[PDB]
Amino acid sequence: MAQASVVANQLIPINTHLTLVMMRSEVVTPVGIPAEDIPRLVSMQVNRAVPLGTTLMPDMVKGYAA
């Protein structure tokens, strides 16, 4: 279990616009947004609070479609 996902590298407050320091890559289960997409995600807004260490899922990012 080689597929990596985007994982919150710090708490991301509700309605924050994502920056690069907020997102790390990690192999986790369930799988969330693919780690390759971290470029695409900068400046997009999360619609709920994302605690440190939680996998970022498609439904947590406003406007995301992969």
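- For this deposition, the record names X-ray crystallography as the technique by which the model was determined and cites 1.43 Å as its resolution.

Considering the side chain of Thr55
Argument step 1. Following the sequence through the fold, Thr55 ends up in the loop between β3 (45-46) and β4 (61-62).
Argument step 2. Look past the residues within four positions of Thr55 in its chain and what remains in contact with it is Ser5, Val6, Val7, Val28, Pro30, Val31, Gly32 and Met60.

Description of the UniProt feature "domain: AFP-like" in the protein chain
Argument step 1. UniProt marks residues 5-64 with the feature "domain: AFP-like", using the numbering shown here.
Argument step 2. Each end of residues 5-64 is marked by a C-alpha atom, and these two atoms are 15 Å apart; helix forms 7% of the span and strand 20%.

Structural notes on the pattern of salt bridges
Argument step 1. The final tally for this structure, using the stated rule, is two salt bridges.
Argument step 2. Two residues, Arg24 and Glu26, come together in a salt bridge whose shortest N-O distance is 3.4 Å.
Argument step 3. Taking the relative accessible area as the measure of exposure, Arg24 reaches 29% and is therefore partly exposed.
Argument step 4. Its relative accessible area of 32% is what places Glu26 among the partly exposed residues.

Details of the pairing of strand β1 (residues 5-8)
Argument step 1. The two faces of β1 match: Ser5 and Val7 on one face and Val6 and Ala8 on the other face are all buried.
Argument step 2. As judged from the four bridges shared by β1 and strand β2 (residues 23-26), these two strands associate in the antiparallel manner. Counterpart to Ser5 in the pairing with β2 is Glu26.

Rules used in this analysis
Residues numbered from 1 in each chain as written, not as in the entry; some residues may be left out. Heavy atoms only, no water. Helix = DSSP H or I, 4+ residues; strand = E, 2+ residues; numbered from the N terminus. Contact = heavy atoms within 4.5 Å. UniProt positions renumbered as here; feature names shortened; annotations may be inferred. Salt bridge = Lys/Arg side-chain N within 4 Å of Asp/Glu carboxyl O. Buried < 20%, exposed > 50% of the residue type's maximum accessible area, 1.4 Å probe, protein only. Pairing = 2+ DSSP bridges.

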